[PDB]
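One chain follows as structure tokens, the form deposited in one PDB entry.
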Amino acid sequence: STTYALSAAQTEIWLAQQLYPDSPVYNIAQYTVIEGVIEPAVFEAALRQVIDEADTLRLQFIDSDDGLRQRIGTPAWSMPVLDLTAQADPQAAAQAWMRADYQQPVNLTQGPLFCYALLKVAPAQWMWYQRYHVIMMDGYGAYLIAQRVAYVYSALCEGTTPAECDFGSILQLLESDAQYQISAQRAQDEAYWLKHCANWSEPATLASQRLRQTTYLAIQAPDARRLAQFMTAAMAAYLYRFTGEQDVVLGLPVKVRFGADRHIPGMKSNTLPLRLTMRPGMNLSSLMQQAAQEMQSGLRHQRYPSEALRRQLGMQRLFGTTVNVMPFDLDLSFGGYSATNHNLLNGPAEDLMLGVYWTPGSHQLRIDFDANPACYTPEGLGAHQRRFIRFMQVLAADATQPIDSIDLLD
């Protein structure tokens, strides 16, 4: 059958997994606590169908003598049914089993790239364990998969025929990427991004178990694009007021659009570098304006991948801070029983990732700081989060006040 080339990110993932074959961070993991009755045969059938619909789970990454490639195959898989009701702490035992799974490495040539499992933790409490490899999954795709599985399971339980998936096949993305590889548009994107990162020396960073720290707050003073624009400008201004460097680079993940009308689980976002210059006397207004100008001046070349741009200049990162503004993923129901999704692991982390989580019709925000241990300490990340949020609160109260006239914290 037909084989497709891997992306630059997938090739880097392959090479890093071949370098450190015992590192388990290239596995993202998640679990779904379900408060109700779960019968495992219906769930296994739902997984059987969803794995066929989300064909990124049926990809086989093989090695050749003419290039690393991937193919759509029929990978062998299973779903264990673990019962832990007859033990003292079933929560601890289930978490230990999960931790035992996502801590052992995964071989990419011959081996299972995902893992599904069901656990008894209480008489009416089953947890669905979901592990994937970074080479074929991201968090958004995992949530899409979990939602589709919940819907299909609820449909199969009540005997109804589940509706047709709203997923696009990964082969659409593969063909589009193969045609884009030989694009003249890709050549022009490379030209633009190379002329844009011209005099770009090492960027601004606060770099002095991923360090994760959340903080809930509520600003009283729109859309979800003004929100992300404001958070980008605020993070850049904070880096400029802490490091003293006027030319701040941030990472902005965008969802590339090439013609697909559906979501393709497995298709990842492209993190574009955003360059902001801090002139004296500038305020949040002009910073927002220049950030939007940089966004829409580089959105024309959105498809050029981050990794090709990075190693087309000299590989040690294009940016140290990433802004991820997104609403929460709605809770899912399995057959009529509501479920709560819990992240077990991520792994590949930019040195600092800023995650802002908003809710429709609400003033409450959630600020997450996911950083690299070798670059931050729990006290250093906590002090930075406290300093940035108050600095960001001073920004929201007056968009006309200059950045340099704002006082910083401890």
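Residue numbers here begin at 1 and follow the sequence given. Here the rigid core means the biggest group of C-alpha atoms that line up within 1.5 Å when the two forms are laid on top of each other.
As for the form deposited in another entry, it is not shown, yet the points below apply to it.
- Taking the core as reference between this form and the one not shown, the lone member of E158, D261, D89, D166 whose Cα moves by 2 Å or more is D261.
- Here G335 does not count as shifted, since its C-alpha moves by less than 2 Å between this form and the one not shown after the core is aligned.
- Taking the rigid core as fixed, one finds a CA shift for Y238 of 2 Å or more between this form and the one not shown.
- When the rigid core is held fixed, the Cα atom of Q103 travels less than 2 angstroms between this form and the one not shown.
- In the other form, the Cα-Cα separation between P327 and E53 shrinks by 3 Å or more relative to the displayed conformation.
- In comparison with the shown form, the Cα-Cα distance of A29 and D331 increases by at least 3 angstroms in the other form.
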